[PDB]
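Undergrad: After the structure tokens below, expect a handful of questions from me.
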Amino acid sequence: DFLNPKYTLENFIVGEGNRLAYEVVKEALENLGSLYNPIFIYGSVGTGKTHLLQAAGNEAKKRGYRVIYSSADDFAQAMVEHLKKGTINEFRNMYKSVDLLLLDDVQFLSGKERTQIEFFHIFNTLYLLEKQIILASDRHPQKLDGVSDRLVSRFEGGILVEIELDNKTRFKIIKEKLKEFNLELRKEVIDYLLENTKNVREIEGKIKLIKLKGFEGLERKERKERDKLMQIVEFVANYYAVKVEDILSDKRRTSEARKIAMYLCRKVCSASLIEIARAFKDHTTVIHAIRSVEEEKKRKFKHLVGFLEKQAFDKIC
Amino acid sequence: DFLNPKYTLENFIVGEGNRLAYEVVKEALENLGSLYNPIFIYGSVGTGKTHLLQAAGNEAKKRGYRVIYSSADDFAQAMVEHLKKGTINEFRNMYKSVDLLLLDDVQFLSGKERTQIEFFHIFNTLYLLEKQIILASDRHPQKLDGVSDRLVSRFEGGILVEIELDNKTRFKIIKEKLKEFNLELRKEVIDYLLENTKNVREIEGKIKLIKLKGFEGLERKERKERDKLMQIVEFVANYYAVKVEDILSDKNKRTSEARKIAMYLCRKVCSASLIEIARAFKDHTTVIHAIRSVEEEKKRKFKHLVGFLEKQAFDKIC
Amino acid sequence: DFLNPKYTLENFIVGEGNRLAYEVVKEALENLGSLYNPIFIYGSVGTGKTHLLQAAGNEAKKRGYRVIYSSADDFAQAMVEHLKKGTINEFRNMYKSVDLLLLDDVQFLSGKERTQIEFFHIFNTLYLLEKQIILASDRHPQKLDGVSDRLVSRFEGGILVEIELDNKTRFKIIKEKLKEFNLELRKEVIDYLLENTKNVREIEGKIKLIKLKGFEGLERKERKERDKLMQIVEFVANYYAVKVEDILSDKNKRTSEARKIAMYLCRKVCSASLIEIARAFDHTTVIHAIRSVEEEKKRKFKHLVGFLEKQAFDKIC
Amino acid sequence: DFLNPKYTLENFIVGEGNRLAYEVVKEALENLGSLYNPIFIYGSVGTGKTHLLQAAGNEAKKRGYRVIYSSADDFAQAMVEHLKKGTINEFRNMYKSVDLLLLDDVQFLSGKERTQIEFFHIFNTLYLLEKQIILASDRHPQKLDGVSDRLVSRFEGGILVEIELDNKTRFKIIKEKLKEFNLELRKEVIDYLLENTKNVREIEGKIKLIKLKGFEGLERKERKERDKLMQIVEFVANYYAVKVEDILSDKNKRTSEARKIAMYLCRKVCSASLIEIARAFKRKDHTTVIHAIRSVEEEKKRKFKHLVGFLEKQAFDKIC
Ligand SMILES: Nc1ncnc2c1ncn2[C@@H]1O[C@H](COP(=O)(O)OP(=O)(O)CP(=O)(O)O)[C@@H](O)[C@H]1O
Ligand SMILES: Nc1ncnc2c1ncn2[C@@H]1O[C@H](COP(=O)(O)OP(=O)(O)CP(=O)(O)O)[C@@H](O)[C@H]1O
Ligand SMILES: Nc1ncnc2c1ncn2[C@@H]1O[C@H](COP(=O)(O)OP(=O)(O)CP(=O)(O)O)[C@@H](O)[C@H]1O
Ligand SMILES: Nc1ncnc2c1ncn2[C@@H]1O[C@H](COP(=O)(O)OP(=O)(O)CP(=O)(O)O)[C@@H](O)[C@H]1O
Ligand SMILES: [Mg+2]
Ligand SMILES: [Mg+2]
Ligand SMILES: [Mg+2]
Ligand SMILES: [Mg+2]
């Protein structure tokens with residue numbers, strides 16, 4: 001065993017944002033490997049990829065099939081010990097004799113050459129034998145730099161499903177979770193969890209705190225420090241005429257105010273990148289958006305920043 | 001076995017790009033090894049080489065004949081275990097006891113010297129007994145570095161067939177793979193699968209996805225994150241007035257200096273993949289030292305410009 | 001058994017590069033084993049040495065004379081087989097019972113002792129009994145290292161016949177191979193095959209191609225991927241202005257140093273294979289010559305090579 | 001039989017290198033097992049040992065004696081198969097009955113105890129029944145490791161003859177082989193075979209090649225390759241001043257250090273074979289050349305390295 005039984009088909013919630021992946025996994029777990037076999041699942045972190053996979057193999061062991069789950073960076077670490085302890089073949093045949101192959105976090109294949117090569121062989125091998133293979137990554141095939149070309153066209157030749165947690169999809173997931181716990185559904189809670197959670201981990205992370213220290217316990221820790229970061233409705237809106245709602249959406253000098261707001265949050269307010277990125281969720285934007293500020297600290301600028309730096313101190317310190 | 005019944009001759013589609021390798025493998029499967037034996041197939045990625053090989057040996061055992069399929073690298077790992085298990089003879093005998101040999105992905109012989117030689121013998125053995133042998137690689141025999149001189153000069157000397165899927169070639173593969181479901185007819189679908197797919201894997205990779213999401217699903221997704229790379233209609237065309245389609249550049253240092261440029265941006269600002277980027281050049285290698293040469297020439301009267309573009313992209317794209 | 005009927009004496013072709021070997025085996029096949037016994041035939045890969053041995057043994061078994069064909073590595077494996085099974089006795093006796101022994105590809109004796117000591121006797125026996133003994137190799141006897149001096153003495157004792165097909169020799173093979181396939185002899189047909197083939201395998205295979213995909217339907221692609229290798233008339237010829245055909249030759253510092261660079265370009269730029277380079281010319285040469293380009297990489301000359309690399313990506317890519 | 005008639009005592013060429021042997025055998029054939037019997041001939045490979053035995057046997061099977069010729073390895077082979085078939089008795093008596101025993105290439109008795117004790121018997125028997133016995137060998141009796149200290153005495157106890165082929169001895173041979181064919185004598189030719197052949201097999205290896213592809217055919221093949229091997233007169237001579245002929249002659253450490261290099265360059269640069277290297281100047285065996293260039297990188301473990309890398313650079317530019 002390396003599958004946890006607490007993940008299952010029913011158990012997983014379905015909305016138009018992970019419906020297709022759900023049904024590919026379910027619709028295929030019937031004729032195992034003989035329906036449509038190379039299934040690649042990909043989605044943002046905490047999109048439920050791991051669930052979906054753990055949940056497939058669980059159904060297989062229950063139905064009696066011979067099954068392996070493994071993260072790609074643990075497949076590597078095994079192959080690397082078996083290689084050392086001169087047992088690379090009982091390793092291979094272990095994998096070649098699965099009714100279902102569940103390879104998780106495929107993205108960790110980059111750079112590992114022989115460590116890839118190895119999988120390529122069990123792949124074709126299980127494929128040719130019409131066994132069932134389910135891959136899963138954080139990124140689409142195309143984006144796998146540092147993974148051999150012959151594997152990527154391999155991945156694309158099957159079924160690519162994306163898991164894109166939209167809004168209506170988060171609607172359902174929050175709603176169903178609150179029901180799961182036996183908390184009561186109410187617009188206030190559902191709407192907060194809507195405008196404050198992007199992945200399922202975040203949701204359920206928060207739905208447990210709700211199950212633990214009420215809801216009026218959330219909006220203090222969660223919102224208060226990020227009300228100190230209402231520095232947008234604060235100052236940069238009032239300086240060079242900016243409307244809050246437009247600055248919270250990347251959209252052409254209207255968008256030179258942003259680069260300042262994020263900066264003031266870092267240096268004066270001491271907030272973390274992640275803390276700051278939750279005013280915009282791609283955490284590199286902030287970093288070079290804050291550097292370009294002093295990358296352009298070279299004509300009638302230096303004193304403008306300082307005047308505002310002194311302005312936030314008075315207000316907040 | 002290792003032969004999947006799936007692939008078969010009928011089940012494989014024909015146009016003037018793989019017609020040759022078909023009517024070679026077809027006639028050759030009648031008097032096996034007697035008409036013409038050492039057939040050597042090579043194409044690009046997912047060209048249909050494995051289909052063909054699989055299809056033949058399936059027709060073969062379908063007639064009684066003894067048939068083996070293997071990748072070159074599984075063959076490796078078969079020889080070297082037999083070796084450790086000291087049964088290297090029943091290994092040899094097994095291969096010399098066939099009417100047809102299907103050696104797929106031959107290219108994986110590079111480097112292996114013991115791993116090759118062993119095949120050399122079963123090759124020669126099979127040949128002189130006039131038994132049928134078909135090879136397959138991603139490359140032409142003479143592009144097979146790391147392979148004995150004596151095997152290459154054996155590969156060249158049977159029959160060399162390439163499979164070049166071009167225009168009027170794939171068209172058929174597209175228009176035929178649709179009746180596989182029920183999408184046989186609409187111009188919009190086909191014209192998308194025409195200017196978006198090179199190999200057959202992509203051609204069925206889309207179709208199945210399309211027969212699921214529905215075509216319009218893949219016109220937003222495959223048209224949105226490829227529209228951040230609509231950074232071609234965006235700005236690269238507007239500084240040094242280079243025409244757009246000229247940037248899919250079949251040969252002037254204008255649409256070449258701007259060719260090398262556009263790719264640099266997609267890589268740094270849009271954080272795109274070498275493959276995403278390499279689908280601008282409607283090949284991975286190209287992009288690399290074209291993305292390096294830009295900063296290989298960073299240190300001349302060339303710098304701040306880029307910095308000014310980077311700002312534009314960071315504003316017009318971020 | 002191992003004698004394939006398709007190889008015969010009028011099924012072979014005769015020129016001033018193989019005729020001697022041909023008549024050696026033609027003359028010495030009539031008075032068998034008596035005329036001249038140790039026949040050592042040798043030449044580069046694809047020289048027709050396998051044909052000859054095969055074509056000989058055929059005529060002999062036509063005339064009833066007890067023949068054995070075999071590769072030397074076929075003999076090796078066969079020995080150990082009989083050996084391990086405990087029946088080496090009937091092995092020797094079989095081999096000593098022939099009127100004509102044909103040992104093909106002798107080079108594969110190197111390193112093998114009992115695997116080779118056993119041939120010794122066979123040889124010696126057959127020989128004393130004036131029974132025909134024809135050996136084949138890719139190299140000259142004295143080039144056969146790891147092989148007993150006693151066996152080499154045995155080899156050099158009989159007749160050595162080299163086969164080299166230079167310029168005049170090949171025309172006759174092409175001419176007759178073109179007639180063999182029911183193809184029309186034409187100057188463009190014949191002339192291409194001249195400057196584009198070496199071994200007779202190469203000859204028969206372009207012909208096989210042109211019997212199927214036209215002729216110019218392949219003077220296109222063939223001369224096209226060797227057109228991208230026209231990298232010599234392209235640039236290096238016009239720098240240290242040394243002309244084209246002079247570079248395709250080994251002799252100081254203006255052509256021997258312009259040749260190295262040209263090789264470098266087809267490897268680093270046009271990403272061509274070591275074999276493909278060598279047709280602008282054995283593998284050995286290219287490898288340590290392009291290594292010596294970066295063996296003398298040790299300062300501002302790097303800046304000069306870096307320029308032509310830039311010239312290459314511009315003009316070709 | 002195993003006696004190829006092609007071998008006759010007239011048929012064999014005599015020079016005071018293969019004289020004594022030839023004499024003792026002819027001398028001891030007119031009265032077998034009577035004059036000096038246990039004849040142990042030995043000498044370099046391709047000396048004519050086999051010839052002499054074949055010839056000797058042939059005569060004794062012309063005078064109506066009972067003769068057996070066998071190689072020492074083939075004697076073992078037979079002894080074993082009989083030992084299996086349970087026929088060692090008729091096998092023994094077969095060998096004990098010969099008027100004349102010919103045992104060629106005795107070198108292959110080594111390491112075969114039970115496969116050799118048998119012979120020591122046939123020997124004693126035939127010897128006491130005063131019957132003729134001739135052994136041939138690669139090495140002198142005293143040189144034979146892995147042979148019974150009892151058989152070696154026996155060997156040494158009869159007659160030892162060596163066959164060293166000198167130069168005058170070779171002269172006569174070349175002369176008469178040319179004569180044997182329809183070839184004409186002339187200086188360049190007969191003188192070519194001299195500094196180009198050592199064992200008699202080489203002599204008639206050329207002559208069969210000459211009576212086939214002229215003489216202006218080997219001048220290139222057999223001498224052009226070994227003009228590139230004139231690397232001892234192109235570089236190793238033109239560095240640390242050690243002149244051509246001084247390298248070939250087995251003698252300061254100035255010369256001994258030139259060879260190790262000279263030989264190296266042929267191997268790794270021109271890819272010459274270990275045989276080719278030795279056949280070019282100093283020829284004892286293989287051992288010499290090979291483990292000496294090995295002593296090159298065994299003495300490569302630091303300022304030795306750079307001087308060689310500069311030489312390789314020279315031999316690549318000049319030849320490649
Ligand atoms: N659609 C869904 N329905 C029910 N539960 C879900 C769900 N998606 C995720 N979960 C739950 O959230 C937790 C984390 O999800 P999971 O680990 O599957 O996502 P993931 O594997 O994509 C994150 P990573 O990016 O680290 O792989 C699990 O305990 C799982 O039960
Ligand atoms: N002409 C044709 N007709 C029908 N199907 C085809 C086809 N050519 C290719 N295919 C399909 O493409 C898929 C993969 O192709 P295949 O494996 O034969 O090419 P290939 O061997 O070049 C892949 P790789 O480059 O990884 O070896 C198969 O599922 C097969 O059905
Ligand atoms: N002079 C000639 N006449 C007719 N056919 C010839 C020929 N020389 C070569 N061939 C053809 O070339 C093919 C291969 O020749 P062969 O196998 O004898 O060369 P070879 O033995 O040198 C290859 P290797 O060196 O790998 O053993 C044969 O099919 C034979 O028909
Ligand atoms: N003195 C001589 N006169 C005439 N011919 C001679 C000769 N010595 C050798 N030969 C010839 O040279 C060939 C080789 O000589 P032979 O085989 O007798 O020497 P050998 O017994 O030393 C071979 P090995 O040492 O390898 O067993 C024979 O075919 C024989 O015709
Ligand atoms: Mg996961
Ligand atoms: Mg394949
Ligand atoms: Mg051969
Ligand atoms: Mg002898």
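Residue numbering restarts at 1 for every chain of the structure tokens, chains are lettered A, B, ... in their displayed order, and ligands are numbered from 1 as they appear.
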Select all residues from chain C having any atom no more than 6 Å from an atom of chain B (counting only C-alpha atoms, ignoring ligands), output as a list in words.

TA: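 Putting it all together, I get residues 4, 201, 202, 204, 205 and 273 of chain C.
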
Undergrad: Using only C-alpha atoms, which chain D residues lie at most 8 Å away from chain C, written as a ChimeraX atom specification?

TA: /D:2-4,45-46,74,81,201-202,204-205,208-209,272-276,317-320

Undergrad: Take the selection from the previous step and output its residues with C-alpha atoms, as a compact mmCIF listing (two decimals), in the first residue's frame.

TA:
# COMPACT_ATOMS: atom_id res chain seq x y z
CA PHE D 2 48.20 -37.29 -42.99
CA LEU D 3 51.29 -37.35 -45.21
CA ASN D 4 50.94 -34.75 -47.94
CA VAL D 45 57.91 -20.66 -36.45
CA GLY D 46 57.90 -21.25 -40.24
CA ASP D 74 45.82 -34.00 -32.39
CA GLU D 81 38.02 -39.76 -27.97
CA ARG D 201 56.04 -18.90 -45.21
CA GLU D 202 56.66 -15.21 -45.92
CA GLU D 204 56.46 -17.98 -50.74
CA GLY D 205 53.74 -15.63 -49.55
CA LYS D 208 52.74 -16.30 -54.90
CA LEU D 209 51.77 -12.62 -54.65
CA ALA D 272 49.16 0.80 -36.72
CA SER D 273 48.79 -2.74 -35.37
CA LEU D 274 51.17 -4.24 -32.81
CA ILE D 275 52.40 -6.61 -35.54
CA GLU D 276 53.04 -3.72 -37.93
CA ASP D 317 49.15 17.87 -38.97
CA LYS D 318 51.85 16.15 -41.06
CA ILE D 319 49.92 12.93 -41.80
CA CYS D 320 46.21 13.59 -41.08

Undergrad: If the cut-off is 7 Å, can you tell me the residues of chain A near chain B, counting only C-alpha atoms? I'd like them as a list in words.

TA: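 Going by the stated atoms only, the list reads residues 128, 129, 142, 143, 145, 153, 156, 157, 158, 159, 160, 250 and 252 of chain A.
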
Undergrad: Those residues you just picked out, can you put them in a file as a tab-separated table (two decimals), in the first residue's frame with N, CA, C and O atoms?

TA:
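Saved to result_27.tsv:
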chain	number	residue	atom	x	y	z
A	128	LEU	N	1.63	-0.73	-25.08
A	128	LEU	CA	1.53	-1.84	-26.01
A	128	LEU	C	0.66	-2.96	-25.46
A	128	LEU	O	-0.10	-3.57	-26.21
A	129	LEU	N	0.77	-3.21	-24.16
A	129	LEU	CA	-0.04	-4.23	-23.49
A	129	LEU	C	-1.43	-3.74	-23.07
A	129	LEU	O	-2.14	-4.42	-22.34
A	142	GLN	N	3.17	20.90	-23.26
A	142	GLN	CA	4.00	21.91	-23.96
A	142	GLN	C	5.02	22.60	-23.05
A	142	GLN	O	6.14	22.90	-23.46
A	143	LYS	N	4.61	22.85	-21.81
A	143	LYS	CA	5.40	23.64	-20.88
A	143	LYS	C	6.52	22.84	-20.22
A	143	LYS	O	7.39	23.42	-19.55
A	145	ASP	N	9.60	21.94	-20.30
A	145	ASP	CA	10.99	22.07	-20.72
A	145	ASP	C	11.77	21.02	-19.93
A	145	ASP	O	11.34	20.62	-18.85
A	153	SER	N	5.24	14.32	-26.96
A	153	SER	CA	4.34	13.85	-27.98
A	153	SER	C	3.63	12.58	-27.52
A	153	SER	O	2.51	12.30	-27.94
A	156	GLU	N	0.71	14.02	-25.29
A	156	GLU	CA	-0.30	14.71	-26.09
A	156	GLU	C	-1.15	13.73	-26.91
A	156	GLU	O	-2.28	14.04	-27.26
A	157	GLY	N	-0.60	12.56	-27.20
A	157	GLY	CA	-1.29	11.58	-28.03
A	157	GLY	C	-2.45	10.90	-27.33
A	157	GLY	O	-3.25	10.20	-27.96
A	158	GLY	N	-2.54	11.10	-26.02
A	158	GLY	CA	-3.60	10.51	-25.22
A	158	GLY	C	-4.74	11.47	-25.03
A	158	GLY	O	-5.25	12.03	-26.01
A	159	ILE	N	-5.15	11.67	-23.79
A	159	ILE	CA	-6.14	12.69	-23.47
A	159	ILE	C	-5.56	13.71	-22.50
A	159	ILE	O	-5.11	13.36	-21.40
A	160	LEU	N	-5.53	14.97	-22.93
A	160	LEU	CA	-5.18	16.06	-22.05
A	160	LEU	C	-6.43	16.65	-21.49
A	160	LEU	O	-7.26	17.19	-22.21
A	250	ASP	N	-4.60	44.02	-14.22
A	250	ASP	CA	-3.50	44.41	-15.12
A	250	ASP	C	-4.00	44.95	-16.48
A	250	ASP	O	-4.48	44.18	-17.31
A	252	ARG	N	-2.78	48.49	-18.62
A	252	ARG	CA	-2.26	49.74	-19.21
A	252	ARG	C	-2.86	51.01	-18.59
A	252	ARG	O	-2.54	52.13	-18.99

Undergrad: Would you list the contacts of residue 240 in chain A as a PyMOL selection string, taking every protein, DNA or RNA residue within 9 Å and counting only C-alpha atoms, but skipping same-chain residues closer than 4 positions in sequence?

TA: chain A and resi 236+254+257

Undergrad: Please produce an output containing N, CA and C atoms for each residue in the selection, written as a PDB file, in the first residue's frame.

TA:
ATOM      1  N   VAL A 236      -2.386  55.558  -3.057  1.00  0.00           N
ATOM      2  CA  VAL A 236      -2.028  55.565  -4.474  1.00  0.00           C
ATOM      3  C   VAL A 236      -3.254  55.835  -5.353  1.00  0.00           C
ATOM      4  N   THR A 254      -1.727  54.552 -15.877  1.00  0.00           N
ATOM      5  CA  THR A 254      -2.779  54.092 -14.951  1.00  0.00           C
ATOM      6  C   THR A 254      -2.197  52.939 -14.132  1.00  0.00           C
ATOM      7  N   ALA A 257       0.947  53.189 -10.994  1.00  0.00           N
ATOM      8  CA  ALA A 257       0.498  53.348  -9.626  1.00  0.00           C
ATOM      9  C   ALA A 257       0.652  52.031  -8.875  1.00  0.00           C
TER      10      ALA A 257
END

Undergrad: Find the residues near range 147-158 of chain D: any atom within 12 Å, counting only C-alpha atoms, skip ones fewer than 4 places away on the same chain, and give them as a JSON list (two decimals) with C-alpha atoms, in the first residue's frame.

TA:
[["chain", "number", "residue", "atom", "x", "y", "z"],
["D", 24, "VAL", "CA", 70.70, -35.96, -39.27],
["D", 33, "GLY", "CA", 65.96, -46.39, -35.07],
["D", 34, "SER", "CA", 69.63, -47.27, -35.42],
["D", 35, "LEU", "CA", 71.93, -44.27, -36.02],
["D", 36, "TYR", "CA", 70.84, -41.50, -33.71],
["D", 37, "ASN", "CA", 67.17, -42.01, -33.10],
["D", 38, "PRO", "CA", 65.39, -39.66, -30.71],
["D", 39, "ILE", "CA", 65.66, -36.69, -33.06],
["D", 40, "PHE", "CA", 64.38, -33.50, -31.47],
["D", 41, "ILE", "CA", 64.25, -30.79, -34.13],
["D", 42, "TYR", "CA", 63.25, -27.31, -33.04],
["D", 106, "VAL", "CA", 55.37, -30.99, -29.32],
["D", 107, "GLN", "CA", 54.73, -27.62, -27.68],
["D", 108, "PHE", "CA", 51.18, -28.85, -27.06],
["D", 109, "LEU", "CA", 52.04, -31.54, -24.56],
["D", 110, "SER", "CA", 52.21, -28.87, -21.85],
["D", 111, "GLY", "CA", 49.47, -29.07, -19.20],
["D", 112, "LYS", "CA", 48.10, -32.45, -20.29],
["D", 113, "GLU", "CA", 49.18, -34.96, -17.64],
["D", 114, "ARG", "CA", 47.00, -38.03, -18.26],
["D", 115, "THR", "CA", 46.85, -36.78, -21.87],
["D", 116, "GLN", "CA", 50.65, -37.19, -22.12],
["D", 117, "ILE", "CA", 51.57, -40.06, -19.77],
["D", 118, "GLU", "CA", 50.22, -42.16, -22.63],
["D", 119, "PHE", "CA", 52.95, -40.82, -24.97],
["D", 120, "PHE", "CA", 55.83, -41.42, -22.52],
["D", 121, "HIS", "CA", 54.77, -45.06, -22.89],
["D", 122, "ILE", "CA", 54.55, -45.22, -26.71],
["D", 123, "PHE", "CA", 57.98, -43.53, -26.49],
["D", 124, "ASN", "CA", 59.66, -46.05, -24.22],
["D", 127, "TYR", "CA", 62.49, -46.76, -28.30],
["D", 132, "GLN", "CA", 62.56, -44.47, -35.34],
["D", 133, "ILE", "CA", 61.25, -41.47, -33.42],
["D", 134, "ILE", "CA", 61.21, -37.78, -34.51],
["D", 135, "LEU", "CA", 59.73, -34.91, -32.52],
["D", 136, "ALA", "CA", 59.42, -31.29, -33.69],
["D", 137, "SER", "CA", 59.04, -28.18, -31.51],
["D", 139, "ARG", "CA", 61.13, -24.25, -28.28],
["D", 140, "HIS", "CA", 64.18, -26.11, -27.06],
["D", 141, "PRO", "CA", 63.39, -28.99, -24.66],
["D", 142, "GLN", "CA", 64.67, -27.08, -21.56],
["D", 143, "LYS", "CA", 62.22, -24.32, -22.48]]

Undergrad: If you measure from atom 6 (C, counted along the ligand's line) of ligand 4 to CA of residue 48 in chain D, what distance in Å do you get, rounded to one decimal?

TA: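 Atom 6 (C, counted along the ligand's line) of ligand 4 sits 5.1 Å away from CA of residue 48 in chain D.
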
Undergrad: How would you write, as a PyMOL selection string, the set of residues no farther than 12 Å from ligand 6 when counting only C-alpha atoms and all ligand atoms?

TA: (chain A and resi 120-121+123-125+127-128+150-151+153-154) or (chain B and resi 41-54+69-74+102-108+135-138+201)

Undergrad: CA of residue 200 in chain C to CA of residue 45 in chain C: how many Å, to one decimal?

TA: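 Value for the CA of residue 200 in chain C-CA of residue 45 in chain C distance: 9.1 Å.
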
Undergrad: Output as a PyMOL selection string all residues of range 9-194 of chain C that backbone DSSP marks as helix (DSSP H, G or I).

TA: chain C and resi 19-27+49-62+72-85+89-96+106-109+114-128+141-143+149-157+168-180+187-194

Undergrad: Would you mind listing the residues within 9 Å of ligand 4, counting only C-alpha atoms and all ligand atoms, as a ChimeraX atom specification?

TA: /C:124,149-151,153-154,157 /D:6-15,17-19,22,42-54,104-105,136-138,165,169-170,173,176-177,199-204

Undergrad: Taking only C-alpha atoms and all ligand atoms into account, which residues have an atom no farther than 6 Å from ligand 1? I'd like them as a PyMOL selection string.

TA: chain A and resi 12-14+45-51+200-201

Undergrad: Please provide the set of residues having any atom within 8 Å of range 176-193 of chain A, restricted to only C-alpha atoms, with same-chain residues fewer than 6 positions apart removed, written as a VMD selection string.

TA: chain A and resid 13 203 to 204 206 to 207 211 215

Undergrad: For the selection just defined, write its residues with C-alpha atoms to a file, as a CSV table (one decimal), in the first residue's frame.

TA:
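File written: out04.csv
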chain,number,residue,atom,x,y,z
A,13,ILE,CA,-16.7,17.0,-5.7
A,203,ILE,CA,-10.9,26.3,1.0
A,204,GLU,CA,-10.7,23.1,3.1
A,206,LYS,CA,-10.3,27.5,6.1
A,207,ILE,CA,-13.4,25.3,6.4
A,211,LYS,CA,-15.3,24.1,12.2
A,215,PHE,CA,-16.4,32.3,11.4
